[PDB]
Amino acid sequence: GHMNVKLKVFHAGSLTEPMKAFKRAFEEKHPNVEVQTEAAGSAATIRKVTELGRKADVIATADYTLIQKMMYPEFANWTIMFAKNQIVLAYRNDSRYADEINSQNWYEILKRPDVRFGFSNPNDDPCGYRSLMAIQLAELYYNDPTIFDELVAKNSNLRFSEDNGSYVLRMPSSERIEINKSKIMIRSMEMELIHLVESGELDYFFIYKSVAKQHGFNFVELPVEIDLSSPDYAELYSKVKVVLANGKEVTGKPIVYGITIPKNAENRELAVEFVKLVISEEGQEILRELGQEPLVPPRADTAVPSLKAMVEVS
């Protein structure tokens, strides 16, 4: 009824567990509000607003740059950066060769004929493009130009090209992506890969460390030089770029999650309160307790007057 406001929050799949907690905390403080959350790969999440005509009060992505590239200036005009993450290679203890995989031999294990691994669709999800970026960055770190070629290029129509030191991968439209089902499985968002690994269909999957911890997966920590986790290695991460099917270019960058309130949000006032919760000490703790490092202090890419005291604007 008129005493039941619905705050619509569309978010990155990897924010599914934190969002359950933000929803419960928010509703405890606003008993007449139902936070309606929906998970999807970040680019698909943004398209709900930018292409499907749906209205969301809050958009949260796993890569803040997608808000900038896909929503400015028609649907948003600021982004707050509030959390970080790290790419790892996760598995079950009964996954093929789980007893022998480690940080030094991970790519050789994935190269074994009977081993199947997964990553999400780069056109829809940052985890997916980040997975390909990490594998290509591995060629530089391990000084082995064939790692991406053997793992991905020979099992799909996805290929990195070199252009004066940097490498670029141009994505086919999603409908034209070709995958060798004998080695790889892909899904629209990384969270969808979880059940494939749990059922035994996949042995390993590239995923965020926070999600691996939340879902009880073991994992190999990849070198900081390739795992996109540290601001201090931004110069190395920038050596790889992926051009999504929608034409937007994403460059390897330290993983930083973004949140915004779309310009056409129906319940802006409540959305401001929700964003405040996410970047408050309470929200930082919710993230930390769920195995995801919050960005402290939160930052904004431009002035955000309604939240000036909560953010650092450079």
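Numbering starts at 1 and runs along the sequence shown.
query = Averaging C-alpha B-factors over each stretch, which comes out higher, 157 to 165 or 176 to 184?
reply = In the deposited entry, the stretch with the higher C-alpha B-factor mean is 157 to 165.
218 to 226 versus 137 to 145 - greater average Cα B-factor per the deposited record = Per the PDB entry, the higher value belongs to 137 to 145.
request  = From the list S95, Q86, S131, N123, select the residue with the highest C-alpha B factor recorded in the entry.
outcome  = In the PDB entry, the greatest C-alpha B-factor among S95, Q86, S131, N123 is found at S95.
ask   = Which of these, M71, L110, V240, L244, has its C-alpha atom at the highest B-factor, as the entry lists it?
value = So the option with the highest C-alpha B-factor is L110.
task = For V296, return the chain-relative third of its C-alpha B-factor as stated in the PDB record: lowest, middle or highest.
result = According to the entry, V296 has a C-alpha B-factor in the chain's highest third.
inquiry  = Can you tell me whether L52 has a C-alpha B-factor in the lowest, middle or highest third compared with the other modelled residues of the same chain?
reply    = For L52, the deposited C-alpha B-factor lands in the highest third.
B-factor third for the C-alpha atom of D63 within its chain = Lowest third of the chain for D63's C-alpha B-factor.
query = Among the modelled residues of its chain, does the C-alpha B-factor of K209 lie in the lowest, middle or highest third?
reply = Its C-alpha B-factor belongs to the lowest third of this chain's values.
ask   = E198: which third of its chain by C-alpha temperature factor?
value = Highest third - that is where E198 ends up once the chain's C-alpha B-factors are sorted.
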